[PDB]
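One chain comes next, on its own, written as structure tokens: the form solved without this ligand.
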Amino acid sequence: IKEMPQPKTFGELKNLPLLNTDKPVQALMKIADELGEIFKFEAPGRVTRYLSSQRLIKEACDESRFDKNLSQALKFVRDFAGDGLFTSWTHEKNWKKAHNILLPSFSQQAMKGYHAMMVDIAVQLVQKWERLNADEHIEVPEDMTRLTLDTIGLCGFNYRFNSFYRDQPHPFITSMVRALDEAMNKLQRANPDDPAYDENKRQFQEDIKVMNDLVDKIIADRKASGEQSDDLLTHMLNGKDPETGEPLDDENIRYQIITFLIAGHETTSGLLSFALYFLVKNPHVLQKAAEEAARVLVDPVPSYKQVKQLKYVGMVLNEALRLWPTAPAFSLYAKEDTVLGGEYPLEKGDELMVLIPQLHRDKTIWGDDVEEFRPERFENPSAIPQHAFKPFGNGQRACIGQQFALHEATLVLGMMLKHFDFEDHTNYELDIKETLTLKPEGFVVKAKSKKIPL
């Protein structure tokens, strides 16, 4: 039995002021580098333990011992994402019900059906970059967010956000981004009930009402039209849970749609941005990925089967998820008293935080070249120890969107590498902005067309 370390305290506020920063995940990463594989973190009325080693995380990923917990971030997101899949407890009736209904909508098979819609948006991104003048550059996370938001709108509910037609966001997205900003900002507040936060609280309540009103109208409009478009909203209106025999109610469908819009906006766009960042910093890797793109994508429009053959591009995306898992943490609670790694006794209900970027830097797993970008690490999943690589979370509470995200990211990165050469014209210095998720901020490149027709 070992006594785990704890970072510096601030009297009655304990560790809470360590989160008073615009980059709290990167701050926690630095604490993990100093303190090691486990540390205690305390706030008024809160204790958790930050895990960084595959040795301890492999135990945390035992579903017989640990279930998904809502971190404070997810509790604050629940104020608008409700009992949607991402912000529900495993024991809430709507979790397993929505999980059973939606799993077929998110399978590798279902991706054949979403592929044409994904290609519609990917082609819009390629045509935008083709049409840039020689003196112009690309705002990478901006354009990746335009793509991923538009893809989930079209596959979610046959709705065009038309992000490539715009500078200014859709009213739903103004409210969604501001609600995510209030949720993630409220985490750090030493004195949340201070009157200085009354405008923040008023504006939050207004943003929740906006998201609810606009999504409720999308659902109402679809039931009214009777249209049977092959999208998630149709699957949720028609689907029955095989267990209960019940469909989702309109309020839960709204929470699922809000949840999918958060994911499309925040996560896949981060992955594509980090992937292109690592490729321009690693020209030998960029060349090898570009060679695969050219050899496989032999038609003007990629097919589903061709995306499945971009294996090296898939490895590039996994190695980007290794160094910068854009959804960087998940939380677990002990189902019963249990001992972690033979050294740390936990009681029933005790909380754990998995710090995914630190897990992914465990040198006992990846070796001394752990900071290097090497997609070849992923050639043989059987050579990777259990629970070493967790960018989609764990077990039954893992990302339902994983096949969707990787299909879209593989398609688009393959088209980008086929159609353009890239230049890191500014020698960009990685600056990671934290919203719900991690993204390169200010990452810009130049793209020179290979002049290959669509």
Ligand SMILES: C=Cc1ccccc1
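Between two forms, the rigid core is defined as the largest C-alpha subset superposing within 1.5 Å. All residue numbers are counted from 1 along the displayed sequence.
What comes next is about the form solved in complex with this ligand, which is not displayed.
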item: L180, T259 and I262 each touching this ligand in the bound PDB entry (heavy atom, 4.5 Å); value: yes
item: Interface stretch in the bound PDB entry with this ligand - options 362-370, 300-308, 234-242, 262-270, non-hydrogen atom within 4.5 Å; value: 262-270
item: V77, heavy atom within 4.5 angstroms of this ligand in the bound PDB entry; value: yes
item: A81 within 4.5 Å of this ligand in the bound PDB entry, heavy atoms; value: yes
item: Interface membership of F172, this ligand in the bound PDB entry, 4.5 Å heavy atom rule; value: no
item: Residue contact check: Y277 to this ligand in the bound PDB entry, 4.5 Å heavy atom; value: no
item: The single option of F204, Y312, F86, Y344 touching this ligand in the bound PDB entry, heavy atom within 4.5 Å; value: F86
item: Out of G342, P171, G113, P242, the residue that alone shifts its CA by 2 Å or more between this form and the one not shown when the rigid core is the reference; value: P171
item: C-alpha of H137 moved at least 2 Å between this form and the one not shown on rigid core; value: no
item: Core-aligned C-alpha movement of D216 between this form and the one not shown, 2 Å or more; value: yes
item: Shift of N380 between this form and the one not shown at or above 2 Å (CA, core fit); value: no
item: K217 and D150, C-alpha gap in the bound PDB entry relative to this structure (3 Å or more); value: closer
item: In the bound PDB entry, shift in Cα separation for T244 relative to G226, 3 Å or more; value: farther
